[PDB]
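The structure under discussion appears below in the form of structure tokens.
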Amino acid sequence: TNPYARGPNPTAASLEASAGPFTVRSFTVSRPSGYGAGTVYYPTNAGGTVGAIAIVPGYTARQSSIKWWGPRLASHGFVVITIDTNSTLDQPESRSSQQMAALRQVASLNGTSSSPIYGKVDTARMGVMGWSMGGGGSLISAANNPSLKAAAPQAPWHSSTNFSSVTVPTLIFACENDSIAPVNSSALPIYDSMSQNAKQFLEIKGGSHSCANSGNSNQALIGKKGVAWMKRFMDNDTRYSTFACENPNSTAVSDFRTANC
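Going by mature numbering (1 follows the signal peptide of the UniProt record, and there is no 0), the sequence shown opens with residue 2, and the numbers climb by one from there.
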């Protein structure tokens, strides 16, 4: 039996719902270590230790843009830290460093007896997500730290599209009508560069650059896919293999690709 499996067997309905099975609480990081600010979301009633995920916004943006992932993922059995960067104008390499610093501080808090997440984290199982430059930072993080278990950036933005070094299972959310980081010059070339890993491409039909942000109108589908990918790869949880790897065959998806899943 898989020691990392948490929660009831998934259904499409349970993964499309606003909340998973676990109760979620959150706190503000008192003294952020290597990044600007953070909120930690965590399950209060998981049956074991859970992996941790660090999420980074885009240029000019703050936690609000990516906050919805905090409760959505934590309610399925993850500790999620959403960050503000040291500067809203930080570039992808700095964003990646700050994302990894946030994961490090989650590990610090797991070993800090006063913290609400004391002993709640399996520090060997971690994932990275983020929007635009924060998505590029997620891909840099994965390239530089292949022990990361999963990556799921959204509408990624990076000066290079060559991520052939990435061996981490990577799901790329993309937005069809993105005019900031057009799919044809950013998200798709990034996807196509990745040759060694489980990978997936999910493009939201008609989506603007903010199509996977807080307040999007596709939270059932996007949330199902993000949770399923993290469950399958961070928890080795093959109960999620079909949800993670399937084409959802959805009229809301204008481009779907997957390989080695």
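We put the CB at the ideal spot given by N, CA and C, even for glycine.
A Cβ-Cβ contact shorter than 8 Å links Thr83 with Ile67.
Segment contact: the region 55-64 against the region 25-32, fewer than three CB-CB distances shorter than 8 Å; contact not assigned.
Residue state for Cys176 is assigned as strand, using DSSP reduced to three classes. For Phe202, same chain residues with a beta-carbon under 6 Å away, outside a window of 5 residues either side, are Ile173, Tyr192, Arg258 in chain order. Here the alpha carbon of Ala260 sits roughly 5 Å from the alpha carbon of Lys200.
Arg73 and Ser19 have their C-alpha atoms roughly 7 Å apart. Between the alpha carbons of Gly78 and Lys232 lies a distance of about 9 Å. Remark: fewer than three beta-carbon pairs, one from each stretch, lie closer than 8 Å, so the region 115-122 and the region 177-192 are not flagged as touching.
For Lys226, the enclosing alpha helix (DSSP H) covers residues 220-235. Annotation: the continuous beta strand (DSSP E) that includes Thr40 extends over 38-44. Judged by DSSP secondary structure, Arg32 falls outside any beta strand (DSSP E); it is assigned neither H nor E. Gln100 places its beta carbon less than 8 Å from that of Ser139. Counting along the chain, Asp256 sits inside the beta strand (DSSP E) bounded by residues 254-260. Going by C-alpha positions, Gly49 is about 36 Å away from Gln92. Annotation: the region 120-180 contains the following complete segments of the alpha helix (DSSP H) (minimum length 4 residues), in chain order: 134-145. In terms of CA proximity to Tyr5, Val51 leads the group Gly37, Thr40, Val51, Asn178.
Assignment of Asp193 by DSSP, reduced to helix, strand and coil, places it in the helix class. One thing to note: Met127 has its Cβ within 8 Å of the Cβ of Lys150.
Only buried fits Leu110, as 16 or more other CB atoms lie within 10 angstroms of its CB. The region 46-120 is shown to contain whole beta strand (DSSP E) runs of 3 or more residues at 51-57, 80-85, in chain order.
The DSSP-derived three-state label of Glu247 is coil. Nearest to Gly21 by C-alpha distance, out of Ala55, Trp69, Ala38, is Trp69.
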